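*Asks:* experimental structure and sequence below.
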There are 2 protein chains.
Amino acid sequence: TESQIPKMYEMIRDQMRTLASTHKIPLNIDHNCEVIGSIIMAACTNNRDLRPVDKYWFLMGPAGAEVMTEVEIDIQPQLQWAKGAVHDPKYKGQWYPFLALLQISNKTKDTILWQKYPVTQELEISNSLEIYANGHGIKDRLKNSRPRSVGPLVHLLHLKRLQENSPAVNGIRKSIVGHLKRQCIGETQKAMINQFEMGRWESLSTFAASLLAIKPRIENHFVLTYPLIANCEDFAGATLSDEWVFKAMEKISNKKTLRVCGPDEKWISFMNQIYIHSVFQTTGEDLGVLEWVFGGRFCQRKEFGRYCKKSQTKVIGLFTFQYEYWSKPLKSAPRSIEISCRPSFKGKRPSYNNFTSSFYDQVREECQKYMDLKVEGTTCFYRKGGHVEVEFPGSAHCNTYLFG
Amino acid sequence: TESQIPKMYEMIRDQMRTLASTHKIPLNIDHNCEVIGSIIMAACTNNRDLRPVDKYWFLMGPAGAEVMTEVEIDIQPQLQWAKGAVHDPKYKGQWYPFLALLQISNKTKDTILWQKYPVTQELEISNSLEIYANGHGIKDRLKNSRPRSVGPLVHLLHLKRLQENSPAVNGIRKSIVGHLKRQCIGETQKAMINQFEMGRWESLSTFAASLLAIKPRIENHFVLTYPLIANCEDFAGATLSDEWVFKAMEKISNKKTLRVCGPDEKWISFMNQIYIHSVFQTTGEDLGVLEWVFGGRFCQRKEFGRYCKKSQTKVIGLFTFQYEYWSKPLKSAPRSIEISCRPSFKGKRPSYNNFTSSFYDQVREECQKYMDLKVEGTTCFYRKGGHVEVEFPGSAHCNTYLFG
């Protein structure tokens, strides 16, 4: 799984820099890298969406004199590589999952800046529970490639689309339901997901309430974003389950070669925290946890007004970061609810004893059981510089979230 | 389009004065300006409806001695500019979008004086919901120019007309249906607007019931009327999204040079409020909102009888106006309906909880989402003299309208 990650990141960075440097697009602005990387990812999987030559919003200017304008680029050299890597045997079939992870990681900043809740609204559930709707808008090939990374609400949204309206339909539905059951480890949650499978959305609001109470399994992987990938000069130990990502992106931040854009310079901390969220998928993480891990407060979306249009986004400052603790990406569910003798032997022996002596109701019982869980996570934290086990004790911004 | 607005008022105003000055028509009578402007706006889009020379009811008389008579006017000098401005590159194609804004606002007075409900009656719905039936009687070219300003009911009527009237049908209806969906932000409304697409008008009464609950998005633009345009001598900072319009037409009120016409002098307060109602598109706005915004009580149409004939509309007094607050135009719907953690990070952290644990019904479920809403607007109102955020606190005339 992690064997092809280093060369994957290396060639991603190579194309990242090549497409920008072909037309003198500076890579020290966040918007330039974000747009170019979005074009590259469009080339990666949905090859028919982007254009071989097209104009996009970029920052043209030397030494801080960048102004918004549209620059034509020749994506065909990158298109050829993207289409040729689709079924290259060198990836051992991990090209599609890697691209799914890349798209899921890189489709976050626009959603954060333009606060929208499409999956929950289409599912007619609580909008604040989009926190379980990761992986929306990804390619169907990618969604089957990393369905575990695709959040439970996105899979349930696909199932709802199937119900609202051929063995391919059966295969898609069974994959969706299996991944729903895998992500939602709740037994009552699983049974009511099965109810959704045949179609019973009276528990859909109950599904939202459970997700709020019982937290489904969310698989994750540490994948950097376009600006940091373009600014990353080390990929020797590029794996997905260690501190290599943390150390590399900390070094990138210490380089201080990347500038972020926003409506006004007050958004500098907001963009730094957005970078942190995008790198570590911690958009839904508790703000106290993030403040303790990265040694800095995380500004909520409420602290800032509407994000200005991408046309009028302007450079607002250098990207900065610090952290003191790390951890592996979460594999299983963050919340987990996981004296007598049996003689098979006719002969008399002395005896020895250690001991002297509705469906919605079950769903709410599981909800309260996961309320009884005061600990979150599976194994431990790890301190910066190694894999020494650490545990977060508590913070002022505990129980608070970016959109909470 | 705001940047090009300043040039666009001036050339509208140029032909306003020339038509009246040709036959010595005084411009200090609203009835003279109301008809002359209706002729001027007629040449803008409906070029073949008006006549090159024709007689209309005006007030002829020097210094307050105006007696009503039909006056022939040389409209041919004013005809050429209107058609030339249709595709003049100076507007860069904004002439139709502006003329749709211009045509809608200038027909408000006649509807108020002769209280009729053409859209709701043809839609066989409640007549109290003409607030959402804006944009009726406008040219289809203008209706395709600013369909957003044209209320959904008129589009719904056009949708009903299109079903009760060819590849051109789809093109017109998709704009009709799309702007029905755009204006009515109701998710259940959109599905039941989609029911109206092929003629399932069983929810048409439900739509009226929904309209009482969900207020569809009605885009507003601070467009001036005929008497004020001729009496406005400043257009340098003409913008449709600031207080320039509010400050500009207050100076006209300070001049006290414009006279209003009506059956009798009791309408002087009513006619003054008609100017307030028409300019800011607040005919259906809460009278509690209006009395607070403009610092004056608004007389309802019930306080006055039938309007006198257009052949007997006599001058009743001078136009006066005052205001203390304003707001950015209502771009979205006045009523809008826009807690957990996703740990993507394997660290062992304390679990935190911000909590403890028919299709007509869905429309009614969405209906209750908008009865519960009390605050009206997009962000807030603003005080006179700037864009300082001032929230509407309430008044005695809340939940009361001009026709309420």
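*Replies:* Thanks, I have it. Numbers count the residues shown, from 1 in each chain, chains lettered A, B, ... in the order given.
*Asks:* enumerate the residues of the stretch 1-150 of chain A near chain B.
*Replies:* A:121, A:124, A:126-129, A:131-132, A:134 (CB under 8 Å from any CB of the partner chain). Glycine gets a C-beta too; all of them are placed from N, C-alpha and C.
*Asks:* pull the most distant pair out of these.
*Replies:* A:124 and A:134 (19.2 Å; CB to CB).
*Asks:* neighbour count winner among those two?
*Replies:* residue A:134 (27 against 16; other CB atoms under 10 Å in any protein chain shown).
*Asks:* who's in contact with the more buried one?
*Replies:* A:104, A:149-151, A:153-154, A:218, A:281, B:342 (CB atoms under 8 Å, 6 or more residues apart in numbering or on different chains).
*Asks:* just the element for the one residue in chain A that gets nearest to chain B, please.
*Replies:* Relative to chain B, the nearest point of chain A is residue A:284 (2.8 Å; CB to the nearest CB). Counting by DSSP states H and E, there is no helix or strand that carries residue A:284.
*Asks:* the spatially closest residue to it that is not a sequence neighbour: neighbouring residues, count only.
*Replies:* If the residues on either side of it in the chain are set aside, residue A:284 comes closest to residue B:342, at 2.8 Å by CB to CB, 6 or more residues apart in numbering or on different chains. With neighbours defined by other CB under 10 Å, the count for residue B:342 comes to 26.
*Asks:* now residue B:342: phi and psi?
*Replies:* Main-chain dihedrals, residue B:342, degrees, to the nearest 10: phi -110, psi 90.
*Asks:* that one contacts residue A:286, correct?
*Replies:* No. Residue B:342 lies out of contact with residue A:286 (CB atoms under 8 Å); the separation is 9.8 Å.
*Asks:* for the most centrally placed residue in chain A, which non-adjacent residue is closest in space?
*Replies:* Nearest to the mean C-alpha position of chain A, by CA atoms, centre = their mean, lies residue A:281 at 4.3 Å. Leaving aside its sequence neighbours, residue A:281 sits nearest to residue B:344 (CB to CB, 6+ apart; 3.6 Å).
*Asks:* burial measure for the one you found, as a count.
*Replies:* Residue B:344, neighbours per other CB under 10 Å, totals 23.
*Asks:* dump the residue contacts of it.
*Replies:* A:218, A:220, A:280-282, A:284-285, A:329-330.
*Asks:* partners of the spatially closest residue to residue A:60 that is not a sequence neighbour in the sheet?
*Replies:* Closest residue in space to residue A:60, ignoring its immediate chain neighbours: residue A:69 at 5.3 Å, by CB to CB, 6+ apart. Beta-bridge partners of residue A:69, counted by DSSP bridges, are residue A:58.
*Asks:* need the contact list for residue A:69.
*Replies:* By CB under 8 Å, 6+ apart, the contact list for residue A:69 reads A:57-60.
*Asks:* among the contacts of residue B:344, which are in helices?
*Replies:* Counted as lying in helices by DSSP state H, out of the contacts of residue B:344, are residue A:280.
*Asks:* helices of the stretch 51-200 of chain A, start to end?
*Replies:* A:76-84, A:95-106, A:109-113, A:118-122, A:140-145, A:152-164, A:167-183, A:187-198 (DSSP state H, counting those that start in this stretch).
*Asks:* list the buried ones in the third one?
*Replies:* For helix A:109-113, the buried set under the neighbour-count rule, 16 or more other CB atoms under 10 Å in any protein chain shown, comprises A:109, A:111-113.
*Asks:* show me what that helix is packed up against.
*Replies:* In terms of contacts (3 or more CB pairs under 8 Å, 6 or more residues apart in numbering or on different chains; DSSP states H and E), helix A:109-113 is packed against helix A:268-280.
*Asks:* compute the inter-axis angle for the helix it packs on and helix A:95-106.
*Replies:* 160 degrees (axes from the mean of the first three to the mean of the last three CA atoms, to 10 degrees).
*Asks:* any part of helix A:268-280 near chain B?
*Replies:* Yes. Shown here: helix A:268-280 in contact with chain B (CB under 8 Å from any CB) through residue A:280.
*Asks:* then that helix to PDB, C-alphas only?
*Replies:* Below are the C-alpha coordinates for helix A:268-280, written out as PDB (Å, rounded to 0.1, in the frame of the first residue of the first chain):
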ATOM      1  CA  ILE A 268      -3.900  34.400   7.600                       C
ATOM      2  CA  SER A 269      -4.400  32.300  10.700                       C
ATOM      3  CA  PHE A 270      -7.600  30.900   9.100                       C
ATOM      4  CA  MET A 271      -5.700  29.800   6.000                       C
ATOM      5  CA  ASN A 272      -2.900  28.300   8.200                       C
ATOM      6  CA  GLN A 273      -5.500  26.300  10.000                       C
ATOM      7  CA  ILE A 274      -7.200  25.400   6.700                       C
ATOM      8  CA  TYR A 275      -3.800  24.000   5.600                       C
ATOM      9  CA  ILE A 276      -3.600  22.000   8.800                       C
ATOM     10  CA  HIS A 277      -7.100  20.600   8.300                       C
ATOM     11  CA  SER A 278      -6.400  19.700   4.700                       C
ATOM     12  CA  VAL A 279      -3.100  18.000   5.500                       C
ATOM     13  CA  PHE A 280      -4.300  16.000   8.500                       C
END
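*Asks:* contacts for that helix, please.
*Replies:* Residues from elsewhere that reach helix A:268-280 (CB under 8 Å, 6+ apart): A:30, A:105-106, A:108-109, A:112-113, A:222-225, A:227-228, A:245, A:249, A:260-262, A:282-283, A:285, A:290, A:294, A:296-299, A:303-304, A:316-317, A:319-321, A:402, B:344-345.
*Asks:* give me the buried subset of these.
*Replies:* Buried among the contacts of helix A:268-280 (16+ other CB under 10 Å): A:30, A:105-106, A:108-109, A:112-113, A:222-225, A:227-228, A:245, A:249, A:260-262, A:282-283, A:285, A:290, A:294, A:296, A:298-299, A:304, A:316-317, A:319-321, A:402, B:344-345.
*Asks:* next one: phi and psi at residue A:325?
*Replies:* phi -140, psi 160.
*Asks:* show me the buried ones among the contacts of helix A:268-280 that map onto helices.
*Replies:* Among those, DSSP H puts A:30, A:105-106, A:109, A:112-113, A:227-228, A:245, A:249, A:290, A:294 in helices.
*Asks:* which of those residues sit farthest apart?
*Replies:* A:113 and A:245 (23.4 Å).
*Asks:* pick the most deeply packed of the helices of the stretch 51-200 of chain A.
*Replies:* Comparing the helices of the stretch 51-200 of chain A by mean neighbour count (mean count of other CB atoms under 10 Å in any protein chain shown), helix A:95-106 ranks first with a mean of 23.
*Asks:* and that one, what does it pack against?
*Replies:* helix A:5-22, helix A:30-44, helix A:140-145, helix A:268-280.
*Asks:* what inclination does it have with respect to helix A:76-84?
*Replies:* Using the same axes, to 10 degrees: helix A:95-106 against helix A:76-84 is 130 degrees.
*Asks:* quick one: contacts of helix A:95-106?
*Replies:* With CB under 8 Å, 6+ apart as the criterion, helix A:95-106 contacts A:4-5, A:8, A:12, A:34, A:37-38, A:41, A:44-45, A:85-88, A:91, A:134-135, A:138-139, A:141-146, A:149-150, A:221, A:223-226, A:278-279, A:281.
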